[PDB]
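Chemist: Have a look at this one before I ask anything.
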Amino acid sequence: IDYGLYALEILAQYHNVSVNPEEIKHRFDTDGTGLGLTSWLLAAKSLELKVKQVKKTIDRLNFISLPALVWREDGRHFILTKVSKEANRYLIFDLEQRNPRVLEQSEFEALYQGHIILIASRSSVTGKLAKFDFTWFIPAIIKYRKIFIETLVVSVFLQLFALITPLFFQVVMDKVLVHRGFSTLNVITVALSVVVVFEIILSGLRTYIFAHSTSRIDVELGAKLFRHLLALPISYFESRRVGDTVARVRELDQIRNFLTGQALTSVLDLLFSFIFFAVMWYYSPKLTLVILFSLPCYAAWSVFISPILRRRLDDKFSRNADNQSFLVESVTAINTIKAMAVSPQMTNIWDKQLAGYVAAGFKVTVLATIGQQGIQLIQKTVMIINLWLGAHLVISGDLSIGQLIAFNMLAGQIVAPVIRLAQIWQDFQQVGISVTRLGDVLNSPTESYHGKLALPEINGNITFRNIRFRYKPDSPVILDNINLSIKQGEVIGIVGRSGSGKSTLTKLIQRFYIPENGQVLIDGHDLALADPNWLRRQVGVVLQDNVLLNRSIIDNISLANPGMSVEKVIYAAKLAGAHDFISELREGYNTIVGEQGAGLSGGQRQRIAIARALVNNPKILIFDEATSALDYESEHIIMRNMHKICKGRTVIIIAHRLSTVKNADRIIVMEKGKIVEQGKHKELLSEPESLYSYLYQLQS
Amino acid sequence: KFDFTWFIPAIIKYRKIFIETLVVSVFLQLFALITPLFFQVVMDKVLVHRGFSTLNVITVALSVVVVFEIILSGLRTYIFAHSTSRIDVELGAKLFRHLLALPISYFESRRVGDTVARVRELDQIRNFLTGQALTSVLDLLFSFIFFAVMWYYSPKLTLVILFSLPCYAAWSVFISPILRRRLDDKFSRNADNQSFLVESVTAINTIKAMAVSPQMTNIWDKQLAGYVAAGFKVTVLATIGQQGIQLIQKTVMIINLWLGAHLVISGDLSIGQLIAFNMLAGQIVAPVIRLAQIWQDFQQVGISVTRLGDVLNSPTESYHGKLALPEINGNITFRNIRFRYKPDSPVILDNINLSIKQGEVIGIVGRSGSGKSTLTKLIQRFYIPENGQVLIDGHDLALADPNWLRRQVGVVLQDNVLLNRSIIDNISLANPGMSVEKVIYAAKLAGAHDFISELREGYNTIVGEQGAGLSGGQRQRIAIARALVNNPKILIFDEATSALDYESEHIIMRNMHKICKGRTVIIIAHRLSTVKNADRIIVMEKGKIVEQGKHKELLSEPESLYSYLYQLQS
Amino acid sequence: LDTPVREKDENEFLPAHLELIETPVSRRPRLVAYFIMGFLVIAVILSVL
Amino acid sequence: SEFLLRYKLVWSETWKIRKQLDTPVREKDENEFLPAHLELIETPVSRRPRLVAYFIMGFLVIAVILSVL
C-alpha cells in the first residue's frame with residue numbers, strides 16, 4: 001500500500017482542495033512502486049499547494065504550522081498534528097491504522113529522524129496563457145538572477161583588468177624608455193603577469209557559470225515544449241508531417257547551442273565597454289569622438305543587414321524542414337520504396353531538394369560575409385582616421401607616444417567584441433527564427449478542458465445525445481441525429497455497411513472527434529469539458545491496425561503500467577490467445593518487435609494489442625473490427641475467451657461480419673449515419689424485410 | 001573506404017580554383033604586412049624628424065590598401081565557399097544514392113532516428129566546409145612572411161614566437177582527444193534523442209489513444225538531461241582549451257614586452273620597429289585565436305565524417321549489370337527451396353517445389369504457420385533461401401537485377417503503407433508524370449472511385465500519414481489501384497481482402513477477370529472463398545504440399561484437409 | 001578531467017529537480033569572491049613591495 | 001608519420017590519373033539547364049569576381065614594382 005498517496009489525499013482534504021488518488025497515481029507514479037519524494041512534491045505542487053522538506057529539530061518542532069508530513073526512507077510515513085506543550089504529547093495521524101493516535105515524547109523521538117515536510121495552501125487565482133515570444137525568458141532570468149548578478153560582477157572586473165593592461169604599456173613607453181628603467185620594468189612585468197593570469201581565470205569561471213545556468217534554462221524550456229507537444233490535439237498532427245514537427249523540436253537544440261556560447265558574454269563585454277571610454281576621453285576627446293561617431297555606424301550597418309539575413313534564414317529553415325520531412329518519410333517507408341522500383345524518383349526529388357537547400361545556405365553565407373566585411377571596413381577606416389589625428393596630436397602636443405599606444409589598444413579592445421559578434425551574426429538571426437518556430441509549435445491550443453475538478457471513476461454509462469458529426473468543416477454529414485444510451489455492464493453490437501458511420505463512434509467515445517452538434521456523455525458528464533487523460537486511461541480500444549512500440553513483448557503489453565506483476569501479463573496474454581506464439585519465440589516475452597512491430601505478423605501484433613488493451617481494468621472496452629484482420633483458429637479462441645472478457649465491463653463490438661455480434665445483448669444496425677433497427681439477434685432476424693436480415697442472408 | 005581520401009579527388013578536380021584561392025591568400029598576407037610598416041615609418045620618421053606631407057602620403061596609400069584588402073578578403077571567402085559547396089553537394093547526392101541501395105536487413109535492424117541523424121551529419125559537414133574554418137587555416141599557414149619580416153627586425157623576439165608555436169601545437173594535441181570523446185558521447189545521446197522523438201511523433205495516435213503521456217515525458221526528461229549534461233561537458237572542455245591558448249598568447253606577449261624594452265634601452269632597435277613587431281606578432285596569433293573558438297566544429301566534422309563512413313561502408317544490394325536481361329513473362333517455378341528466418345530459428349519451408357505458367361490464376365491456402373506468407377517475400381529477392389533456386393522465366397533471381405525484378409512484380413499485402421501525399425500521388429508513385437485517365441481507370445478497376453466520390457477534395461485528398469485519414473478497406477483498394485495502374489506481369493494477393501467488407505470484396509471479385517487479364521496472379525488468403533474461381537488451388541501444411549487441384553477436385557473427397565478447412569470456414 | 005557523464009552530473013539537469021528547486025544558486029557560489037579577494041591582497045602586497 | 005604517407009600515396013595515385021576528372025567546358029545557358037544537383041556541381045565561379053581579384057592583385061604588384069624602381 002502506497003502511504004504517500006493517502007497522506008497527500010488527507011493533506012488535500014485539510015487544505016480544501018479535491019484530489020482524485022487515481023489521477024495523481026496515473027500522472028506522478030509513472031513506473032509504479034510507490035510515489036517517491038520528488039514525485040510526491042511534484043504532485044503536491046500540482047494541487048496548488050506549497051511544500052518543501054526542511055531539517056527541523058524536535059526543539060524547533062513547536063514553531064511550525066501543522067499538519068505536516070514526516071517522510072521516512074521506508075514507506076512508513078505519518079502526519080504530525082497538534083504538538084502539545086505542557087504534556088510533551090504528539091497527536092499524529094497513523095497512515096497505516098487510518099485513524100489519529102496519541103503519542104508521548106519518547107516514541108515520537110524514536111519515530112522522528114530529523115526531516116519533515118511543511119504544507120501550505122497557495123492556490124494561484126489567475127487564468128491566462130501568454131504568447132510564446134522572447135519575453136518567455138524574462139521569468140527565467142528573474143528565477144536565475146543570483147547567477148546573472150554574479151556574472152555581471154565578473155564582467156565588470158574583467159573590464160577593469162582589460163583597462164589596466166594598456167596602462168602598463170603606456171607607463172613602459174613613457175618612463176622605462178624615456179628616462180631609463182630596470183627596477184620599474186620588473187614590477188610592471190610581474191604585475192602584468194598576475195593581471196593576465198587572474199583575468200584568464202575570471203573569464204573561465206564566468207563562462208562556466210553562465211553556461212551552466214543557460215543549460216538549466218534550456219532544460220526547462222525543453223521540458224515545457226514536450227509537455228505542450230504531447231498535450232496537443234490529434235487534429236494538429238493529422239494535418240502535418242512528422243519531419244516538420246521534428247525540425248521544430250530540433251530548433252531547441254539550436255537554441256541550446258546558442259545559449260552556451262560566446263554571444264551573450266560578448267554582448268555583456270560590449271555593454272560594459274564604457275569603462276574604457278572614460279580613460280579614452282581623459283587621454284584625448286578629439287580621438288574619442290571618432291569612436292563615439294563610429295558606434296552608430298556599426299548600429300546602422302547591423303540594422304540594415306539583419307532583416308535580409310532573417311529572410312534568407314527563413315527560406316533556409318523552410319528547405320531544411322522539407323528535407324527532414326522527405327528523409328523521415330523515405331526511411332520510415334523504406335519497405336515500400338524497395339518493394340517497388342521507385343528509387344530513381346526518390347533520388348530525383350532528393351537531388352532537387354538538396355540543390356535548393358545548398359543554394360539557400362550559400363546565399364546566407366554570402367550575406368554574412370558581406371556584413372562582416374562591412375564592419376571590418378568601418379573599423380579600419382576609424383583606425384586610419386585615429387592614426388592621422390594622433391600623428392598630428394603627438395607632433396603638435398598635448399599627447400605622448402605611450403598615451404597614443406594606450407589609446408590605440410583601448411580602441412582595439414572596444415571594437416573586438418563587435419567583430420566577435422559579427423562572426424556569429426548567422427547564429428543571432430537563426431535563434432531569432434528558432435524562437436518563432438518553437439512558438440509556432442507552442443502557440444497552438446492544447447486539448448481544452450474547462451473542468452479543473454477531479455471527476456470520479458467511470459461507470460459504463462455511455463450516452464449520445466443528438467450527435468451530428470462531419471470529418472471536415474464542409475464534408476458530407478456522417479452522423480445526422482444519432483441518439484443512443486448504453487448502460488453499465490452491457491454488451492452492444494454495432495453493425496452495418498461500410499460508410500454507414502459506425503467507424504466514427506469509437507473515435508467519438510474517445511475525445512478524438514468533436515461533434516458538430518450534440519454531446520456524448522460518460523456517466524452523465526459531457527466529454528467536451530472533461531480532462532482527456534481521465535477518459536482515455538479508463539477506455540480500452542482495439543483497432544484494426546494496432547501499431548506497437550520498439551520494445552519487448554512484455555514492455556508493449558504492460559506499457560500503461562510498467563510496475564505491475566508478470567502473472568497478470570501472462571493472464572492477459574492467455575485471454576488474448578497469444579501466450580503460445582510468444583513462448584514459441586526464443587526470447588519469449590523479451591523479444592524486441594522492431595519499428596512498428598516489424599518482427600511480428602499482422603495477427604501476432606493484433607493479439608498483442610488485444611492483450612495490451614485487456615491488461616488494465618478498462619471500464620469501457622471497444623472492439624473496432626479487431627478480429628477482422630485475424631484468421632480462423634485464432635478468432636475462435638478470442639470468442640471463447642470473450643465469453644468471460646466482457647464480465648464487469650461495458651463492451652462495444654463494431655464489426656462487419658454479423659456473426660461476431662451474434663451473442664450481444666443488443667444489436668444496433670446503422671444505415672447512412674442513422675439508427676434504423678435495434679434489438680436482439682432473433683428479434684431482428686424475425687422480420688425478413690429488415691436490413692439486418694438482408695445483411696445476414698447476403699453474408700451467409 | 002570513405003574516411004578522408006574521398007575529398008582528395010574533389011580537391012584535385014577543382015585544383016585550378018583552389019590554387020587561385022591560395023595565391024589570393026598570400027596576397028592578403030602581403031596586404032596585411034603592408035600596414036605595420038606604415039606605422040613603423042610614421043613612428044620613426046614622422047613623429048621624430050618633421051613634416052606632414054609624408055604623413056598625408058602614408059594616409060592616402062593606407063586608405064586604398066585597406067579598401068583593396070577588404071575587397072580581396074571578401075572575394076576569397078566567396079570563392080572558397082562557392083568551391084566547397086559543389087563538393088558537399090556531390091557528397092550528399094552520393095550518400096543518398098548509397099542509402100537507397102542498402103539491403104532491407106540494414107533498416108530492419110536499426111531505428112529511423114539513427115539513419116536520420118547520420119544524414120544530418122551531412123549538414124554538419126556542409127556547415128564546416130562552407131564557413132571560415134579552412135580560411136583561418138590558410139591564414140595560419142601563410143604567415144611565414146611575417147616571420148621573415150620579424151627576423152629582419154629582431155631575431156630574439158622572432159625566436160620567442162617560433163618557440164611559442166610548438167606550445168600551441170602541444171596544447172592542441174593534449175586537449176583534442178578528450179574533446180573528441182566527449183563529442184562522441186554527445187552525438188550518441190543526440191542520436192538516441194532523435195530516435196525517441198521520431199518514434200513518439202510517428203506513433204502519436206497510440207500514445208494519445210492510450211494514456212501514456214507520463215511514461216513518454218519521463219523518458220524524454222531523462223534523455224534531455226543526459227544530452228544537456230554532455231553538451232555542458234563539451235562546452236567546459238572548449239572553454240579550457242581557449243583559456244589555455246590565451247595563457248600562452250599573453251605569456252609570450254609579456255616576454256616580448258620585456259625583451260623589447262631591454263632591446264630598445266640598449267639601442268639597436270627603434271620604438272616604431274618594436275610597435276611594428278608587436279603588431280606582426282598579434283597578426284600571427286590572430287588566426288590561432290579565431291581557430292581556437294571553433295574547436296568543436298573541427299572535432300564534430302571529424303565525428304560526422306566517421307558516422308557518414310558508418311553509413312557508407314556497409315555493403316549494398318545494389319545491382320547486377322550483365323547483358324540487361326529482358327522483360328518477364330509470368331513463369332515462376334521453385335526448385336528444392338527451404339527457408340529459415342534466422343540461422344538459429346526453426347525451419348519454415350523444407351522441400352517446396354512449384355511451377356506456375358503464364359496467365360495462370362493460382363490460389364494458395366492454408367492455416368496460420370503454414371508458411372504460405374513467405375512466398376511473396378521470396379519471389380521478390382527479400383528472403384534468401386537456405387538452399388535452392390527461385391526461377392522466374394528460366395532465370396535465377398539470385399543473379400538478376402533486384403530493381404528490375406521488383407519492378408516487374410506487383411504485390412498487395414494484408415496491410416499497406418502509403419505516403420503523406422494525395423491519392424493520385426500515391427497511385428502514380430512509380431510514374432508521377434503519367435496520364436490521369438490511367439489513374440482513374442485503375443481506381444475504377446479496384447472499386448476505389450466510389451469511396452473517393454464522397455471525398456470533398458477528390459483525388460487531391462492528402463492521406464494524413466502512412467495510412468491515416470483512410471480506413472483499412474480504403475487503403476487496401478488504393479494499394480490495389482497502385483499495383484494495377486502499372487502493367488505488372490505478376491500479381492500477388494497476400495490476404496489483400498481481409499480489411500474489405502462484403503460489398504467492396506464483391507465489387508473487386510467481379511472485376512477479377514479484367515484484373516487477371518494477361519497476368520500471372522497468385523492469391524494467398526486465409527479464407528477459402530477467395531480462391532474459389534482460381535485455375536488451381538494449393539494446400540500447404542508445415543511448409544509442404546499436401547494437396548493440389550481444383551476446388552471441387554479437392555472438395556469432393558472428405559479425406560482431404562481442404563474439405564475440413566472449408567467446413568470450418570462455413 | 002575526461003570523466004564521462006555520470007548520474008550525479010545528470011541529476012543536476014533533471015527538469016523535475018529544476019521544477020522543485022526555487023531561487024537556484026550557482027555551482028561555484030563563493031569562488032568569485034575568493035579569487036577577487038586574492039587579487040586584492042596580492043595587489044596590496046605587491047604595492048608595498 | 002604513417003597516415004601522412006597513406007594520404008600522400010593516395011594524392012599521387014589520383015594526381016597521375018589527372019586530366020580525366022575534369023568536366024567538359026560549357027556555356028552559362030547550358031550549365032543553367034541541367035539536373036538540379038549537376039548545375040551546382042558543374043557551374044564554375046563567375047568571371048567578374050575573378051577579374052576583380054586579379055585587378056586588385058595586379059594593382060598591388062604594379063605599385064610595388066613602380067615604387068621600388
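As shown in the C-alpha cells, the chain order sets the letters A, B, ...; within each chain, residues go from 1, and ligands are also counted from 1 in the order they appear.
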Assign secondary structure with DSSP using the backbone only, and return the residues of chain D in helix (DSSP H, G or I) as a PyMOL selection string.
Modeler: chain D and resi 3-16+28-32+38-41+47-68
Chemist: Taking only C-alpha atoms into account, produce a table as a tab-separated table in which each residue of chain C with an atom at most 12 Å from an atom of chain B appears once, together with its shortest atom pair and the distance in Å to one decimal, ordered by chain and rising number.
Modeler:
```
residue	atom	partner	partner_atom	distance
C:1	CA	B:178	CA	8.6
C:2	CA	B:178	CA	5.9
C:3	CA	B:182	CA	8.9
C:4	CA	B:182	CA	7.4
C:5	CA	B:230	CA	6.4
C:6	CA	B:226	CA	8.9
C:7	CA	B:226	CA	8.6
C:8	CA	B:229	CA	10.1
C:9	CA	B:229	CA	6.6
C:10	CA	B:226	CA	5.4
C:11	CA	B:225	CA	7.4
C:12	CA	B:225	CA	8.1
C:13	CA	B:225	CA	5.0
C:14	CA	B:225	CA	5.3
C:15	CA	B:221	CA	6.5
C:16	CA	B:221	CA	8.2
C:17	CA	B:225	CA	10.7
C:18	CA	B:225	CA	10.7
C:19	CA	B:221	CA	12.0
```
Chemist: Kindly provide, as a list in words, the residues of chain B having any atom no farther than 9 Å from an atom of chain D, counting only C-alpha atoms.
Modeler: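 The contacting residues on chain B are residues 4, 5, 8, 9, 10, 12, 13, 14, 17, 24, 27, 31, 65, 68, 69, 71, 72, 75, 76, 78, 79, 82, 83, 85, 86, 87, 89, 90 and 93 of chain B.
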Chemist: Just checking: using only C-alpha atoms, which residue out of A:469, A:428, A:301, A:144 ends up closest to chain C?
Modeler: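 Going through A:469, A:428, A:301, A:144 one by one, the smallest distance to chain C is for A:144.
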Chemist: Give me, as a tab-separated table (two decimals) with N, CA and C atoms, in the first residue's frame, all polymer residues having an atom no more than 9 Å from residue 145 of chain A, counting only C-alpha atoms and skipping those fewer than 3 positions away in the same chain.
Modeler:
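What follows is the written file result-v7.tsv:
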```
chain	number	residue	atom	x	y	z
A	140	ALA	N	12.60	33.45	-16.62
A	140	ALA	CA	13.78	32.61	-16.43
A	140	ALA	C	14.96	33.42	-15.91
A	141	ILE	N	15.17	34.63	-16.44
A	141	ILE	CA	16.22	35.50	-15.92
A	141	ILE	C	15.93	35.90	-14.48
A	142	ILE	N	14.67	36.16	-14.16
A	142	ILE	CA	14.31	36.52	-12.79
A	142	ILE	C	14.59	35.37	-11.84
A	148	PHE	N	23.14	35.60	-12.63
A	148	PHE	CA	23.36	36.66	-13.60
A	148	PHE	C	23.96	37.90	-12.96
A	149	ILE	N	23.59	38.21	-11.72
A	149	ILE	CA	24.26	39.29	-11.00
A	149	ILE	C	25.73	38.94	-10.76
A	150	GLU	N	26.00	37.68	-10.41
A	150	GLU	CA	27.37	37.22	-10.25
A	150	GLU	C	28.17	37.42	-11.54
C	23	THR	N	14.65	29.62	-6.48
C	23	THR	CA	15.79	30.50	-6.26
C	23	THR	C	17.08	29.69	-6.33
C	24	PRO	N	17.45	29.19	-7.51
C	24	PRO	CA	18.65	28.35	-7.61
C	24	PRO	C	19.92	29.17	-7.43
C	25	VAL	N	20.98	28.48	-7.02
C	25	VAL	CA	22.29	29.09	-6.83
C	25	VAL	C	23.27	28.44	-7.81
```
